[PDB]
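Form deposited in one PDB entry, single chain, as structure tokens, below.
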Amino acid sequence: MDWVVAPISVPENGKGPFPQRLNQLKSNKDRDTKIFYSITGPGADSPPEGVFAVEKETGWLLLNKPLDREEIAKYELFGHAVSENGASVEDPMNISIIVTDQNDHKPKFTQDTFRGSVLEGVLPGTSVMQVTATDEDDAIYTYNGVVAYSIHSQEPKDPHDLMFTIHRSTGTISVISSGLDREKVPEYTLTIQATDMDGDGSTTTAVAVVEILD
């Protein structure tokens, strides 16, 4: 019994040490004769060369240096088996390296101050504005690139505190109170925050200023 295909999933920024053993190739001509293993492809013998190698006789696939997913997220190499008489009896084997994400990028708001406006009598639940923070990490297979939004605080507290909320995923800020009145309060300042790993990672801070309209 065997795997139909076995990609190797390798976290970026490994400590190693290097060179680091990945998995071991085995030719089909096992007992018979002496086999020599080689590999080819982008990452081995074309750009970028020598990121991967193979032990000619064993043939342990080796990683020679830490990877960076945001540079190259996937490698596709080929493994070759050749006897000491130069003959092969098997096709190249597809070797697939999937570089898995680490949380090596901090979230960044696209602006340090966001601006919105809202009419003094709208229905509670009404969208006021939407803020955005980006993260270069992967947000498809990991949370490392996924930002969770929050509001740290709000000024002034008039009529009262907690007049707005922000959607945790979308960053749409909403008003959740009646009693907006420019006359008493023309503008609100909210500290907003975004935290990667969907709330568990690191945080960054910006300001949202909400103008009350007539």
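Whichever C-alpha set is largest while still superposing within 1.5 Å between the two forms counts as the rigid core. In this text, residue numbers run from 1 along the sequence as written.
Higher mean CA temperature factor between 67 to 75 and 87 to 95: 87 to 95, per the PDB entry. Here the stretch with the larger average CA B-factor, out of 156 to 164 and 51 to 59, is 156 to 164. Between the residues 150, 170, 40, 33, the entry's highest C-alpha temperature factor is the one at 33. Among all modelled residues in this chain, the alpha-carbon of residue 180 has a temperature factor (C-alpha) in the highest third. Ranked by Cα temperature factor within the chain, residue 8 sits in the lowest third according to the deposited record. For residue 127, the recorded CA B-factor ranks within the highest third of the chain. Only modelled residues enter the ranking. Annotation for residue 117: CA B-factor lies in the highest third of the chain's modelled residues.
From this point on, the text means the form deposited in another entry, which you will not see here.
Residue 34 is among the residues whose C-alpha shifts by 2 Å or more between the shown form and the other one once the rigid core is aligned.
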